[PDB]
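> Provided herewith is a single structure, encoded as structure tokens, for subsequent inquiry.
2 protein chains.
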Amino acid sequence: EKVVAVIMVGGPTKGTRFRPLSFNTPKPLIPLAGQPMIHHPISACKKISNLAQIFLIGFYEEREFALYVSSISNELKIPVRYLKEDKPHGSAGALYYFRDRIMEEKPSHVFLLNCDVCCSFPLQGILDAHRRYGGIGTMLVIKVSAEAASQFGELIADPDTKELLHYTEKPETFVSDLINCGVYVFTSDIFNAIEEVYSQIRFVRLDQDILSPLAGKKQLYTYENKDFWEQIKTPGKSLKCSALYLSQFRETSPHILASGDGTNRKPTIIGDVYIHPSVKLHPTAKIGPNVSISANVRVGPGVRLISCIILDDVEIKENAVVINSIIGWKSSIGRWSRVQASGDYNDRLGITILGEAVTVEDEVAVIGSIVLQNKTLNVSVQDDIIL
Amino acid sequence: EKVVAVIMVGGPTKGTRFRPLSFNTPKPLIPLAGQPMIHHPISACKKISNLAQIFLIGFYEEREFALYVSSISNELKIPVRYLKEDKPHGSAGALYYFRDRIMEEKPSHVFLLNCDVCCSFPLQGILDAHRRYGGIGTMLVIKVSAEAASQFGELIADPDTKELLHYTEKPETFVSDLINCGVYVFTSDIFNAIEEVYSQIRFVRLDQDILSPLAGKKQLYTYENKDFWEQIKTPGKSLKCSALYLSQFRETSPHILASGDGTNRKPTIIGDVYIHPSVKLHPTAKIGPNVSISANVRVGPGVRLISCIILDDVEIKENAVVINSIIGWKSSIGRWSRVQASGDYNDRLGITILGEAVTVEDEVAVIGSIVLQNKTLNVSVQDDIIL
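Which chain is which? The protein sequence lines are A and B, in order. Mapping of the first sequence onto this note's numbering: position 77 corresponds to residue 902, and the numbering continues sequentially without gaps. Mapping of the second sequence onto this note's numbering: position 319 corresponds to residue 1144, and the numbering continues sequentially without gaps.
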């Protein structure tokens, strides 16, 4: 057989929540746990030996993605390609558009997953589960509490045949503790199902007029996650999910994660830390848990880093403290300055976010606030949104 | 004699308060009372018959100013030129840099005024007052209350000779009810005074080490305003000062202001209104006081507009209301949707500001909030800052 993969990207109207960082780098390219957002789904595509072409679609500009796609295939050796849907049709019409380019190599199955998704990505397990199930698709599900039902709604699946018996997007009206995950896999027959709703019935939403109708007909199936999942449309969620990926890199191949845990010119690393080789460090700094340091960043001495992710070209000065923060590009953190937050992934100001080239002056404190790019701070801020 | 004028512009780090509008158009070019911010100072330069070259200096990019400067000299017939100070030195060092280009035509006096200033601009009166006083400069003052002293500080001037006896920028320590206005006029000898502080004494601030030292020495003079003045570093103040400019166009040449006051295919205009000829209007709309409408904007029927300024390409739908607001470029205001604010030029949310191409949907309300550019609003917001 042959397998193809298509990843949704979205346009500049979706990354309109990541604004401070979106102004420098679009949503899919924002580094999570050191690597861009979509860098982890693509990482799971190489484990499929019968997978070939990869397709990134979305009404962004190809100029931004062309430079990035050139570097991925140098690592995993997979033909990745970006396609700009001139007429964005959400999801269903997005992939029916240029259906020829995707089915150009007659792939048996086509992978369709979303950009803002944080699961374990068991692509080889769901592929084999779909080959046994058959039908069009197979979706993915995960057991959640019934109290966690306002986020999605209702989804019914018979655990004997693992078949989706009913699906309502938002009006739940009694649930079954099951919810969508966004990672789907179809067969080559999925493009024919869209023609019977775009040409026969005639802006088509995948999870409203395609997922809901295929209920009684034994074609839509399910497969449990049995791991983690967190929707990341919030810039604050970029930390809670970042810890899970590092935990994934601490279960599998932990040597890729920095584990100094001492002072032999190596700082005190307190587990679940990704340190880029291009960073500059001082042995007196304590790098706590859940911190993802990017390349070409200058870390000062005696600084404390927990529950944070730091972008490129940041300058950390003497005795700085960073808690529950996201430091932007080329940002400058003054000496004895503090940038903290509560850590509430439900509160808007629960994760303080710093824009590109924001200069926090010496002793200046930033507690749970959002600063835009190219900004200078001489005075301490708290519980505000600084433009 | 011969007179030259030099206007300060500032860079992208000064218009960092006008962010929603600064992202599309820099601070000096944002339309005040229908015309850009600096379009009012340049308008006052033509009344000086012995004036020649005009100089706009600031570390902005010339590409933005080259297109705008091409249109002004077509109106008032004055040679305007933009110069980008590669090394920004605040104010004093800015004009000492390329002092040759300024004194290229041997001007007797040089005008130096700032970008964010909203006065009556009596350039011909202060020029003649300077010729009588002599000395280096002549400044400008305005009688204010002693309670209004935290904004600036202290300034002493002897009313017999109108000579500045003492000057402290911020540490007031007893005041004299007089304050700077920012509009200055010097003689050709001013460049020599900078050499005695840049070369002899050796980032030089004009109003700290040049204005303060020239106190007892009879060279710094004063001249009363006797009109209006309002510092405009805030995007909210862009309305309070806009009303003064319209009143200036209501005292002088009021026919340039739209005065329909009826329904002969002309809407109900309630005084102090500037309507661009490129607008589309409906006679059922009530365009109240203090509104400055820009070009190529579509006004719907029965809409109410008071105390607000609207940028280009805005679309106003059925029965819309705009109070104490600033609507950005290409913005879309849905039908029966409302955009109001308190009007407190001291409160941050006293003037609600909408970014470029912000789409307020039908019935959606925005009360005292700030919306960024390229933003869609389906739900009403109130007392927030929407990113």
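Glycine included, every Cβ here is placed at the ideal spot set by N, Cα and C.
If we count the other Cβ atoms within 10 Å of its Cβ and call it buried at 16 or more, is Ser975/B buried or exposed?
exposed
> Roughly how many angstroms lie between the CA atoms of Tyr907/A and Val1098/A, to the nearest whole one?
31 Å
> Helix, strand or coil for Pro853/A, going by three-state DSSP, please let me know.
helix
> Give, in chain order, every residue of the segment 1018-1047 of chain B whose Cβ lies closer than 8 Å to some Cβ of chain A.
none
> Less than 8 Å between CB atoms is the rule here; does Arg1163/A satisfy it with respect to chain B?
no
> Using a Cβ-Cβ cut-off of 8 Å, state whether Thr841/B counts as contacting chain A.
yes
> Could you list which residues in chain B have their beta carbon closer than 9 Å to that of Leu1197/A, in chain order?
Correct list: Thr841, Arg844, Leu1212.
> For the ligand ADP, any of its heavy atoms closer than 7 Å to the Cβ of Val1104/B?
The model depicted lacks the ligand ADP and carries no ligand whatsoever.
> Mind listing, in chain order, the continuous alpha helix (DSSP H) runs of no fewer than 4 residues lying wholly within the segment 910-967 of chain B?
917-921, 924-927, 948-958
> Quick one, which residues of the segment 984-1017 of chain B are near chain A if we go by CB-CB under 7 Å, in chain order?
none
> According to DSSP, is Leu1003/B helix, strand or coil?
Per DSSP, reduced to three states, the secondary structure at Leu1003/B is strand.
> So what does DSSP say about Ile897/A, is it helix, strand or coil?
helix
> Go to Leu1031/B, then tell me how far its alpha helix (DSSP H) extends in each direction, as first and last residue.
Where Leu1031/B is concerned, the enclosing alpha helix (DSSP H) stretches over 1031-1034.
> What residues from chain A crowd round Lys852/B, counting only those whose CB sits closer than 8 Å?
By Cβ distance, chain A contributes nothing, its closest Cβ being about 13 Å from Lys852/B, past 8 Å.
> What would DSSP say about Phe1074/B, mapped onto helix, strand or coil?
helix
> Candidates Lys931/B, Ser896/B, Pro853/B: which alpha carbon is nearest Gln878/B's?
For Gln878/B, the nearest C-alpha among the options comes from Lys931/B.
> So with Cβ pairs under 8 Å, would you call residue 782/A a contact of chain B?
An answer regarding residue 782/A cannot be provided, because it is not within the stretch 826 to 1212 covered by chain A.
> Check whether the Cβ atoms of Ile1176/A and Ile1152/A lie closer than 8 Å to each other.
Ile1152/A is positioned such that its CB atom lies no closer than 8 Å to that of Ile1176/A.
> Give the residues of chain A in contact with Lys1200/B, contact being defined as C-beta atoms less than 8 Å apart.
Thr841
> So, at 7 Å on beta carbons, what are the nonlocal neighbours of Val1206/B in its own chain, with the 5 sequence-adjacent residues on each side left out?
For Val1206/B, where only same-chain residues beyond five positions count, the Cβ hits under 7 Å are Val1191, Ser1194.
> Measuring CB to CB, does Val831/A end up less than 8 Å from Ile927/A?
yes
> Anyone know if the C-beta pair for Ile1015/B and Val935/B falls short of 8 Å?
For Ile1015/B and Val935/B, yes; Cβs fall inside 8 Å.
> Just list the beta strand (DSSP E) runs in the segment 1110-1195 of chain A, keeping only unbroken ones of 3 residues or longer that don't cross its boundaries, in chain order.
The segment 1110-1195 of chain A is shown to contain whole beta strand (DSSP E) runs of 3 or more residues at 1116-1118, 1129-1135, 1146-1152, 1163-1165, 1177-1179, 1183-1185, 1190-1192, in chain order.
> Verify whether the separation of the beta carbon atoms of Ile1094/A and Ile1081/A is less than 8 Å.
no
> I need the straight-line Cα distance from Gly1085/A to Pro1108/A, nearest angstrom please.
10 Å
> Anyone know if the C-beta pair for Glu826/A and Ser933/A falls short of 8 Å?
Yes; because the gap between Cβ atoms is below 8 Å, this pair is in contact.
> At which residues does the beta strand (DSSP E) containing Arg906/A begin and terminate?
905-908
> Distance check for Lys909/A and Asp1169/B, CA to CA, integer angstroms please.
45 Å
> So for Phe1016/A, helix, strand or coil by DSSP?
DSSP, read as helix, strand or coil, puts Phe1016/A in helix.
> Would you call the segment 888-905 of chain B in contact with the segment 974-989 of chain B, where contact means no fewer than 3 C-beta pairs closer than 8 Å?
No, the segment 888-905 of chain B is not in contact with the segment 974-989 of chain B.
> State the DSSP-derived secondary structure class of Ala869/A, mapped to helix, strand or coil.
In this structure, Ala869/A counts as helix in the three-state DSSP scheme.
> Using only alpha-carbon positions, find the residue among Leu1069/A, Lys872/A, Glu1049/A, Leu1036/A that is nearest to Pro984/A.
Per the Cα distances, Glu1049/A.
> Is DSSP giving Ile1210/A helix, strand or coil here?
strand
> Got a sec? Which residues, its chain only, sit under 7 Å from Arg842/A by beta carbon, not counting five neighbours each side?
The answer, listed in chain order, is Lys1058, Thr1059, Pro1060.
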